[PDB]
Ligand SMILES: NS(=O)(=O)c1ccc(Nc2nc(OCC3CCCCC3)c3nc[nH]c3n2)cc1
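Here we start with a single chain on its own, the form solved without the named molecule, put down as structure tokens.
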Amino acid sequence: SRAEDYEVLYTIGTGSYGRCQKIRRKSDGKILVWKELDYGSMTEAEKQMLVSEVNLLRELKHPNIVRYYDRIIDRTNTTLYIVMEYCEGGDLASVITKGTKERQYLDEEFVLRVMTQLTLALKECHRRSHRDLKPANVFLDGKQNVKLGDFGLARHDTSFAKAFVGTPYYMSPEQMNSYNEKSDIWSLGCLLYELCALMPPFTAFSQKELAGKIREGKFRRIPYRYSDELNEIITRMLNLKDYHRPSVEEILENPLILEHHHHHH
């Protein structure tokens, strides 16, 4: 409830909408993070819609979704802190960057973990109907656990540029032309493909050239070090027809997915 109940260790990264900080809860020394959000320029309406979301966030409890812990308001600096689980392994974008730098591909076992644990995260999200599946929104803890952590809450000058300058590599064909769970399967397919090939399935120097590419639905096979089975399931998620993509259930029924690919806390 109070900011004094925690101690900032250090700033992990400055988000587009405020700092993320590694913090220690005083009572037990529990290592955590919080997101620093300056609501000083918000309207009474934005702050109510902002509350609605913190509450929905509060309501997710899943091993494969970044755990919400606490809210804190510091009215003196008009700062809202959102306390969250600390994920020691960082995000998947950094992992993918690392794979490029060191010119080495990620173990198939790792891809299976992300596939399994992210699919389970999606199924939870779907059940409760922010689940945008970019590498930067997916985290690893210290026990080979994978957690989804889209923090769209934080979303207008810096939200305009990000929506406008940013390239929609993961945009399904349908969403190019409402809610559609099969659109999330496509995004997952794009994510896992990039985890394998270290580049997105569709790439372009223009959103129009990217739309054309996406509409054809053609991409390179992932590297040959990855099994034909893994390539099949990923290819299936990248199908042009939403109804040809696997459901969450069909994905988890795949013989590739074993117990040890699931979370272990």
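Start at 1 and count along the sequence shown; that's the residue number.
From this point on, the text means the form deposited with the named molecule bound, which you will not see here.
- Classification of the binding site as open follows from the superposed pose of the named molecule in the bound PDB entry: not one of its atoms falls inside 2.4 Å of a backbone or C-beta atom here.
- Between the options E108, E181, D74, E85, the residue in contact with the named molecule in the bound PDB entry by a heavy atom within 4.5 angstroms is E85.
- Contact annotation: of the candidates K35, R221, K30, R58, the single residue with a non-hydrogen atom within 4.5 angstroms of the named molecule in the bound PDB entry is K35.
- Shown here without its partner, the chain carries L122, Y193 and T235, none of which come within 4.5 Å of the named molecule in the bound PDB entry through any heavy atom.
- Checking 112 to 120, 168 to 176, 184 to 192, 89 to 97 against the named molecule in the bound PDB entry, the stretch whose residues place heavy atoms within 4.5 Å of it is 89 to 97.
- Taking non-hydrogen atoms only, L210 never approaches the named molecule to within 4.5 angstroms in the bound PDB entry.
- Residue contact check for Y81: none of its heavy atoms lie within 4.5 Å of the named molecule in the bound PDB entry.
- In the bound PDB entry, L256 stays away from the named molecule, with no heavy atom inside 4.5 Å.
- Using a 4.5 angstroms threshold between heavy atoms, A197 stays clear of the named molecule in the bound PDB entry.
- Interface residues of 1 to 23, taken as those with a heavy atom within 4.5 Å of the named molecule in the bound PDB entry (partner not displayed): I12, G13, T14, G15, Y17, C20, in sequence order.
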